[PDB]
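**Student:** Here's a structure for you.
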Amino acid sequence: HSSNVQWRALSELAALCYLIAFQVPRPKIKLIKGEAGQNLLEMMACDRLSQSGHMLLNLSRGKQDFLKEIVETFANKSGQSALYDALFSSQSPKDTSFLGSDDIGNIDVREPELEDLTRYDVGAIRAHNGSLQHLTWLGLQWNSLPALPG
Amino acid sequence: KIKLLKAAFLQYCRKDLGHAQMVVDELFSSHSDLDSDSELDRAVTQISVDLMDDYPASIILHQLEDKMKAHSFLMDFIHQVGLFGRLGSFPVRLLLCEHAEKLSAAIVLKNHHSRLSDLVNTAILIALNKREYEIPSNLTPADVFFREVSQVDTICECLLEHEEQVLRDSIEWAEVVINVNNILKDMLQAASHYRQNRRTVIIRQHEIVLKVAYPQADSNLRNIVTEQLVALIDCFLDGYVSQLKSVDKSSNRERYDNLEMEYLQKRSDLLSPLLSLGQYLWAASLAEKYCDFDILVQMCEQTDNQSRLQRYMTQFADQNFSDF
Amino acid sequence: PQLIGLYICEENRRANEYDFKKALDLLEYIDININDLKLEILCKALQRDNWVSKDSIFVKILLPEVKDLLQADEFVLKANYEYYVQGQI
């Protein structure tokens, strides 16, 4: 909704967010008590990697190695305060806010591989109960890619 | 003379058991003393400082803790018997007690950290100052590397530059150049909080800023930040000590006090430019640490679209508007 | 004694950090001269170094145990005895 200057800065900020998310490893599924619980947790993991994945790409296709710049410039702790700033009102206590205390260490800054992305999508089809919204989105996200979805 | 500083060093020994007798050797001191302020009072300063040097020359840690307590009941057995004068700080050598305190908390901060890489940089740092007795007794030693530990910092830096010449940078070699950054840092964090409970040193810090700048050129993202929050932790202790020395000196001989300003001001500019590539999320804290250095935080607000930051800067400021 | 002295023999060829660390753990198992041996062993701890191991054994202990001037009884002995006054501190 906002202007262009805010868009780029915000998309820059968002690119970092999606990146942080994608980096997060697949959760330890074996560690759950039951079959239903663990399958659920994994399902969400696939959803995270898939959604963030396509976003990371669509934002990185704008420019050449656009992702590298995002990390090299905002991975700095200065970005953490610029993120808290744009998202929240600074008046709230910045101590008990998880966003301000997270240890952003060694962002992979590696664009996602299509083959990995496919198995993330396929595993997350049941993430949103297969709403035609979900699939029509994925199908469109793959509409710009050189590899087609299964 | 030596007969005097060996007579108060004998009255402090009794100043742990009782006082009456020691208070009469301080009373014999005030009547038998010289009492000409300008140097005879800096002849009993050169005595209280020659016994603080010997309580620092003194189970190597529990034995260096017993010595920060000893130099603490020696600073209490001076406040009472008084001991309310003398000061021969001059150049290179009361601030001298605090300083020898601060460096005994530094000696316990690198005693608490003992691993094979620092113990090697220390043995290289002591074999360079002189030879060691090889009758076992190989720390290779500390009780004299305390009265002078300032030197095992400028040498455990020359052993990170020869361990960086072989580093071949390659990832495990940029993890060994940060492990040392983290110790010289929290050894400077230990001298700061020992002052709250109240040109070689500096060169070795501007040397590891530049080597912490060459490495983030090739480094996994997160790591390049932790050594940046570190070189920001360290630069904020140097700029704090040049601020405290400024405030210490004022008025007449001002020419020397406005030439040392230009020197710290050409460095908060050389620490700013250095942080111009780095994250500006730390700029806000570097700008607040040397709480003006506005020219740097004012050009960080200009490079971005934060007309909100340059409004937040002028919102909390004393005449920044006439400055911006 | 026999143990400490046998763990340090020139016969024990592959003697590594653990052989001396344990030859300094068997000193509280005595009941004659303590600090004569404390030296005897730190000294063959260097003969084997061929001026790495001294390094490590000072890394394994965590200090005014070791001697010094008494020891030399030399360029990196003092050199390691400086970042050994920073370590203990």
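By convention here, the chains of the structure tokens are called A, B, ... in the order presented, each chain's residues are numbered starting at 1, and ligands are numbered starting at 1 in the order presented.
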With a cut-off of 7 Å, could you pull out the residues of chain C touching chain B and give me the nearest pair of atoms for each, distance in Å to one decimal, using only C-alpha atoms, ordered by chain and ascending number, as a Markdown table?
**Tutor:**
| residue | atom | partner | partner_atom | distance |
| --- | --- | --- | --- | --- |
| C:38 | CA | B:136 | CA | 6.4 |
| C:39 | CA | B:136 | CA | 3.7 |
| C:40 | CA | B:136 | CA | 6.9 |
| C:42 | CA | B:136 | CA | 5.2 |
| C:43 | CA | B:136 | CA | 6.0 |
| C:55 | CA | B:116 | CA | 5.4 |
| C:56 | CA | B:116 | CA | 5.2 |
| C:58 | CA | B:119 | CA | 6.9 |
| C:59 | CA | B:115 | CA | 4.5 |
| C:62 | CA | B:114 | CA | 6.5 |
| C:63 | CA | B:60 | CA | 3.5 |
| C:64 | CA | B:60 | CA | 4.8 |
| C:65 | CA | B:137 | CA | 6.5 |
| C:66 | CA | B:137 | CA | 3.0 |
| C:67 | CA | B:137 | CA | 1.9 |
| C:68 | CA | B:133 | CA | 3.8 |
| C:69 | CA | B:133 | CA | 3.0 |
| C:70 | CA | B:135 | CA | 3.8 |
| C:71 | CA | B:135 | CA | 1.9 |
| C:72 | CA | B:134 | CA | 3.1 |
| C:73 | CA | B:135 | CA | 5.4 |
| C:74 | CA | B:131 | CA | 5.1 |
| C:75 | CA | B:127 | CA | 4.2 |
| C:76 | CA | B:127 | CA | 4.4 |
| C:77 | CA | B:127 | CA | 5.3 |
| C:78 | CA | B:127 | CA | 3.2 |
| C:79 | CA | B:124 | CA | 2.9 |
| C:80 | CA | B:123 | CA | 0.9 |
| C:81 | CA | B:140 | CA | 2.8 |
| C:82 | CA | B:122 | CA | 3.9 |
| C:83 | CA | B:122 | CA | 2.2 |
| C:84 | CA | B:139 | CA | 4.8 |
| C:85 | CA | B:142 | CA | 3.3 |
| C:86 | CA | B:110 | CA | 4.6 |
| C:87 | CA | B:111 | CA | 3.7 |
| C:88 | CA | B:111 | CA | 2.8 |
| C:89 | CA | B:108 | CA | 3.1 |
**Student:** Go ahead and save the picked residues with C-alpha atoms, as a PDB file, in the first residue's frame.
**Tutor:**
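Result saved to selection38.pdb:
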ATOM      1  CA  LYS C  38      57.033 -31.893  40.003  1.00  0.00           C
ATOM      2  CA  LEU C  39      60.065 -30.646  38.088  1.00  0.00           C
ATOM      3  CA  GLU C  40      61.544 -33.949  36.930  1.00  0.00           C
ATOM      4  CA  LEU C  42      57.658 -31.084  33.539  1.00  0.00           C
ATOM      5  CA  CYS C  43      61.202 -31.230  32.222  1.00  0.00           C
ATOM      6  CA  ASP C  55      50.925 -26.391  25.894  1.00  0.00           C
ATOM      7  CA  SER C  56      48.150 -28.944  26.383  1.00  0.00           C
ATOM      8  CA  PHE C  58      48.602 -26.383  30.971  1.00  0.00           C
ATOM      9  CA  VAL C  59      45.296 -26.524  29.129  1.00  0.00           C
ATOM     10  CA  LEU C  62      42.078 -26.029  34.633  1.00  0.00           C
ATOM     11  CA  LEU C  63      49.269 -22.750  39.040  1.00  0.00           C
ATOM     12  CA  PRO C  64      52.068 -21.505  41.322  1.00  0.00           C
ATOM     13  CA  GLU C  65      52.802 -25.226  41.458  1.00  0.00           C
ATOM     14  CA  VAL C  66      55.275 -25.251  38.576  1.00  0.00           C
ATOM     15  CA  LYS C  67      58.659 -23.656  39.244  1.00  0.00           C
ATOM     16  CA  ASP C  68      60.710 -21.327  37.025  1.00  0.00           C
ATOM     17  CA  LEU C  69      64.229 -20.025  37.620  1.00  0.00           C
ATOM     18  CA  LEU C  70      64.591 -23.348  39.397  1.00  0.00           C
ATOM     19  CA  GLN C  71      63.571 -24.888  36.078  1.00  0.00           C
ATOM     20  CA  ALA C  72      66.291 -23.609  33.779  1.00  0.00           C
ATOM     21  CA  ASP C  73      68.491 -25.126  36.490  1.00  0.00           C
ATOM     22  CA  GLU C  74      64.378 -20.900  26.722  1.00  0.00           C
ATOM     23  CA  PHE C  75      62.853 -18.638  24.099  1.00  0.00           C
ATOM     24  CA  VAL C  76      59.354 -20.077  24.276  1.00  0.00           C
ATOM     25  CA  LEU C  77      59.503 -21.330  27.853  1.00  0.00           C
ATOM     26  CA  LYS C  78      59.248 -17.770  29.056  1.00  0.00           C
ATOM     27  CA  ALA C  79      57.114 -17.039  26.010  1.00  0.00           C
ATOM     28  CA  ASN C  80      54.516 -19.575  27.122  1.00  0.00           C
ATOM     29  CA  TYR C  81      55.024 -18.514  30.732  1.00  0.00           C
ATOM     30  CA  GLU C  82      53.541 -15.122  29.785  1.00  0.00           C
ATOM     31  CA  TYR C  83      50.265 -16.350  28.311  1.00  0.00           C
ATOM     32  CA  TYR C  84      50.348 -18.560  31.414  1.00  0.00           C
ATOM     33  CA  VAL C  85      50.228 -15.525  33.692  1.00  0.00           C
ATOM     34  CA  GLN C  86      47.280 -14.279  31.635  1.00  0.00           C
ATOM     35  CA  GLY C  87      45.564 -17.666  31.740  1.00  0.00           C
ATOM     36  CA  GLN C  88      45.879 -18.133  35.496  1.00  0.00           C
ATOM     37  CA  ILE C  89      44.600 -14.550  35.719  1.00  0.00           C
TER      38      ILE C  89
END
**Student:** Show me, as number ranges by chain, the residues of chain A whose atoms get within 10 Å of chain B, using only C-alpha atoms for the distance check.
**Tutor:** A: 5-6, 9, 68, 71-83, 103-109
**Student:** Write out as a PyMOL selection string all residues of stretch 11-107 of chain A that backbone DSSP assigns to alpha helix (DSSP H).
**Tutor:** chain A and resi 11-23+35-60+66-74+77-87+98-101
**Student:** Atom CA of residue B:23 to atom CA of residue B:81: how many Å, to one decimal?
**Tutor:**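 One can read the atom CA of residue B:23 to atom CA of residue B:81 distance as 6.1 Å.
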**Student:** Give me the residues within 9 Å of residue B:26 as a PDB file with N, CA and C atoms, in the first residue's frame, counting only C-alpha atoms and dropping any in the same chain fewer than 3 places off.
**Tutor:**
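Contents of result.pdb, freshly written:
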ATOM      1  N   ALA B   8      56.923   0.416  57.016  1.00  0.00           N
ATOM      2  CA  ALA B   8      55.473   0.468  56.861  1.00  0.00           C
ATOM      3  C   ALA B   8      54.955  -0.872  56.336  1.00  0.00           C
ATOM      4  N   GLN B  11      54.387  -2.500  59.267  1.00  0.00           N
ATOM      5  CA  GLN B  11      53.262  -2.007  60.054  1.00  0.00           C
ATOM      6  C   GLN B  11      51.925  -2.427  59.442  1.00  0.00           C
ATOM      7  N   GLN B  21      49.493  -0.183  67.685  1.00  0.00           N
ATOM      8  CA  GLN B  21      50.935  -0.068  67.468  1.00  0.00           C
ATOM      9  C   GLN B  21      51.262   0.524  66.104  1.00  0.00           C
ATOM     10  N   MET B  22      50.463   0.185  65.101  1.00  0.00           N
ATOM     11  CA  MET B  22      50.682   0.691  63.751  1.00  0.00           C
ATOM     12  C   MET B  22      50.284   2.160  63.634  1.00  0.00           C
ATOM     13  N   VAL B  23      49.325   2.579  64.457  1.00  0.00           N
ATOM     14  CA  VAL B  23      48.858   3.961  64.449  1.00  0.00           C
ATOM     15  C   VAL B  23      49.851   4.884  65.141  1.00  0.00           C
ATOM     16  N   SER B  29      55.527   8.705  62.071  1.00  0.00           N
ATOM     17  CA  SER B  29      55.776   9.062  60.685  1.00  0.00           C
ATOM     18  C   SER B  29      55.480  10.543  60.433  1.00  0.00           C
ATOM     19  N   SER B  30      54.356  11.046  60.939  1.00  0.00           N
ATOM     20  CA  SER B  30      53.947  12.428  60.669  1.00  0.00           C
ATOM     21  C   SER B  30      54.819  13.488  61.349  1.00  0.00           C
ATOM     22  N   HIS B  31      55.450  13.122  62.460  1.00  0.00           N
ATOM     23  CA  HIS B  31      56.311  14.056  63.178  1.00  0.00           C
ATOM     24  C   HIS B  31      57.741  13.936  62.676  1.00  0.00           C
ATOM     25  N   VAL B  81      44.846   4.264  58.631  1.00  0.00           N
ATOM     26  CA  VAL B  81      46.077   4.852  59.136  1.00  0.00           C
ATOM     27  C   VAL B  81      46.382   6.181  58.435  1.00  0.00           C
ATOM     28  N   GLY B  82      45.933   6.312  57.182  1.00  0.00           N
ATOM     29  CA  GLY B  82      46.035   7.547  56.383  1.00  0.00           C
ATOM     30  C   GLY B  82      47.410   8.218  56.404  1.00  0.00           C
ATOM     31  N   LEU B  83      48.102   8.299  55.264  1.00  0.00           N
ATOM     32  CA  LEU B  83      47.648   7.854  53.938  1.00  0.00           C
ATOM     33  C   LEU B  83      46.463   8.624  53.307  1.00  0.00           C
TER      34      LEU B  83
END
**Student:** Please provide the set of residues having any atom within 12 Å of residue C:7, restricted to only C-alpha atoms, with same-chain residues fewer than 2 positions apart removed, written as a PyMOL selection string.
**Tutor:** chain C and resi 1-5+9-26+41+44-45
**Student:** Could those residues be written to a file, using N, CA and C atoms, as a CSV table (one decimal), in the first residue's frame?
**Tutor:**
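Okay, this is what ended up in part_22.csv:
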chain,number,residue,atom,x,y,z
C,1,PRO,N,55.1,-43.5,43.1
C,1,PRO,CA,56.4,-43.2,42.6
C,1,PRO,C,56.7,-44.1,41.4
C,2,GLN,N,56.8,-45.4,41.6
C,2,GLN,CA,57.1,-46.3,40.4
C,2,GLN,C,56.3,-45.9,39.2
C,3,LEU,N,55.0,-45.7,39.5
C,3,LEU,CA,54.1,-45.4,38.4
C,3,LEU,C,54.5,-44.0,37.7
C,4,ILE,N,54.6,-43.0,38.5
C,4,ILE,CA,54.9,-41.7,38.0
C,4,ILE,C,56.2,-41.7,37.2
C,5,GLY,N,57.2,-42.5,37.7
C,5,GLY,CA,58.5,-42.6,37.1
C,5,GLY,C,58.5,-43.5,35.9
C,9,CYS,N,59.2,-42.6,31.8
C,9,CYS,CA,60.5,-43.2,31.3
C,9,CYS,C,60.7,-42.9,29.8
C,10,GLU,N,61.9,-42.9,29.4
C,10,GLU,CA,62.3,-42.7,28.0
C,10,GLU,C,61.9,-44.0,27.2
C,11,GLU,N,61.4,-45.0,27.9
C,11,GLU,CA,60.9,-46.2,27.3
C,11,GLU,C,59.5,-46.0,26.8
C,12,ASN,N,58.7,-45.3,27.6
C,12,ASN,CA,57.4,-44.9,27.2
C,12,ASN,C,57.5,-43.9,26.0
C,13,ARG,N,57.5,-44.4,24.8
C,13,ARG,CA,57.7,-43.6,23.6
C,13,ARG,C,56.6,-42.6,23.2
C,14,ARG,N,55.4,-43.2,23.1
C,14,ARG,CA,54.3,-42.4,22.6
C,14,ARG,C,53.7,-41.5,23.7
C,15,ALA,N,54.4,-41.3,24.8
C,15,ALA,CA,53.9,-40.5,25.9
C,15,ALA,C,53.2,-39.2,25.5
C,16,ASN,N,51.9,-39.1,25.7
C,16,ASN,CA,51.2,-37.9,25.3
C,16,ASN,C,50.6,-37.2,26.5
C,17,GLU,N,49.9,-36.1,26.3
C,17,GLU,CA,49.3,-35.3,27.4
C,17,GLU,C,48.8,-36.1,28.5
C,18,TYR,N,48.1,-37.2,28.2
C,18,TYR,CA,47.4,-38.0,29.3
C,18,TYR,C,48.3,-38.8,30.2
C,19,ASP,N,49.5,-39.1,29.6
C,19,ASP,CA,50.5,-39.9,30.4
C,19,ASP,C,51.1,-39.1,31.5
C,20,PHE,N,51.3,-37.8,31.2
C,20,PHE,CA,51.9,-36.9,32.2
C,20,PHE,C,50.8,-36.4,33.2
C,21,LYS,N,49.6,-36.0,32.6
C,21,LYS,CA,48.5,-35.6,33.4
C,21,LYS,C,48.2,-36.6,34.5
C,22,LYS,N,48.3,-37.8,34.2
C,22,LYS,CA,48.1,-38.9,35.2
C,22,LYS,C,49.4,-39.1,36.0
C,23,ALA,N,50.5,-38.6,35.5
C,23,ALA,CA,51.8,-38.7,36.3
C,23,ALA,C,51.9,-37.4,37.1
C,24,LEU,N,50.8,-36.6,37.1
C,24,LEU,CA,50.7,-35.5,38.1
C,24,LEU,C,49.5,-35.7,38.9
C,25,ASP,N,48.7,-36.7,38.6
C,25,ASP,CA,47.5,-37.1,39.4
C,25,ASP,C,48.0,-38.0,40.5
C,26,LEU,N,49.1,-38.7,40.3
C,26,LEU,CA,49.6,-39.7,41.3
C,26,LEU,C,50.6,-39.1,42.3
C,41,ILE,N,59.3,-34.2,36.0
C,41,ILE,CA,58.3,-34.6,35.0
C,41,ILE,C,58.0,-33.5,34.0
C,44,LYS,N,61.0,-33.5,31.4
C,44,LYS,CA,60.9,-34.5,30.3
C,44,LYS,C,59.6,-34.2,29.5
C,45,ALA,N,58.8,-33.3,30.0
C,45,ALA,CA,57.6,-32.9,29.3
C,45,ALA,C,58.1,-31.9,28.2
